[PDB]
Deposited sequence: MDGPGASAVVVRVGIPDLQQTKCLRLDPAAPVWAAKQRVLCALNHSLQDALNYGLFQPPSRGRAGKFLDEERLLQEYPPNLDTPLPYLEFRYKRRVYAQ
């Protein structure tokens, strides 16, 4: 990790927020979720039950948290890659 970063817009529908964040492509998905949690300023209940989620480009899905973020290629519609943070339980 460490060498690079990529800007990704992250939508949190339960907060009706989106945030653009720098995420580490060579880090696990769980560390990208860690960055999203630290950007929300503890505004989420049961936040640890939320997971990063790829919208349909089709049909969506939660990202495997053990995978490196770069294992999920970006959607090339958007100028910035787009992910969602949704309740996973």
{"query": "Coordinate gaps, deposited numbering", "finding": "1-3, 61-62, 95-99"}
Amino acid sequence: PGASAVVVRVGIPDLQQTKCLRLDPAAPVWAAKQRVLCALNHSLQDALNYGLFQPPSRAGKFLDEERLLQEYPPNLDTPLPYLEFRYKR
From here on, numbers count along this sequence of modelled residues.
query: Comparing 6-14 with 75-83, the one whose average Cα B-factor in the PDB entry is higher; finding: 75-83
query: 48-56 versus 24-32 - which carries the larger mean C-alpha B factor in the record; finding: 48-56
